[PDB]
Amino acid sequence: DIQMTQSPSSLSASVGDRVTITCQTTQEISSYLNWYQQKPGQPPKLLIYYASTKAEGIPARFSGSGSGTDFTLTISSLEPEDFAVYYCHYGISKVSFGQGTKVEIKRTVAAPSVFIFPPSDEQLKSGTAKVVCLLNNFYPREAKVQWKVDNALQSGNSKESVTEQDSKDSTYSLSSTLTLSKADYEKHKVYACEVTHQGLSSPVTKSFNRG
């Protein structure tokens, strides 16, 4: 089988920048190299065929070049909706795919809109308190989320989840979920969520008291 390797494995670039991704094949394939783009939760989308011919309806910023064993995909001027993994491809019957190149967007610094969600009354009615904390539309990904229960620092009882970079504004969102037993939840009153970020002058705390 023909094998394909892309360069780099991932990159970060600002809107308006010219992005360049290379593909190298272990054998000569003339100009029969194609490029796909995959956005989160979507199947792959053909961008280029015949190494350089754009597919019907593909934005003019997307271009390709190369022949034989060395190929290049270029985004002349990057858009926020170009956040996706790009794949080189060869073969209609014996199908080869490159390893993929993740394209990330460098954006200006944004700060999180912090929110604290007290546990559901129906969830407590089951035996555990899941206090949620939301950090909204921030950039970059790097953020510190510290839980405080009656001003005492928490550790080892929270889990975090981050969304993929937004297609329109290039931001991330985060949810930190503090998990406590109903007995330990009921034994305290002040619940805080201290958030640290590059976009904040000083840490923003969001708190709630039981009732």
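Heads up: residue numbers just count along the shown sequence, starting at 1.
> When the Cα temperature factors in the entry are averaged, is it 109 to 117 or 77 to 85 that ends up higher?
Averaging CA B-factors over each stretch, the winner is 109 to 117.
> Would 128 to 136 or 90 to 98 have the larger average of its C-alpha temperature factors, as given in the entry?
For C-alpha atoms only, the mean B-factor is higher in 128 to 136.
> Per the entry's Cα B factor values, which of 198, 20, 9, 12 stands out as the maximum?
Across 198, 20, 9, 12, the entry lists the biggest C-alpha B-factor for 198.
> Maximum C-alpha temperature factor per the entry, among 160, 186, 28, 166, belongs to which one?
If I rank 160, 186, 28, 166 by C-alpha B-factor, first place goes to 186.
> Thinking about Cα B factors across the chain, which third does residue 2 belong to?
Within its chain, residue 2 is a middle-third residue by C-alpha B-factor, going by the deposited values.
> How does the C-alpha B factor of residue 180 compare with the rest of the chain: lowest, middle or highest third?
Its C-alpha B-factor, which the entry lists for residue 180, ranks in the highest third among residues of this chain.
> Residue 172's Cα B-factor: lowest, middle or highest third of the chain?
Middle third by C-alpha B-factor.
> Using the B-factors in the PDB entry, rank residue 149's C-alpha atom against the chain and give the third, lowest, middle or highest.
For residue 149, the deposited C-alpha B-factor lands in the highest third.
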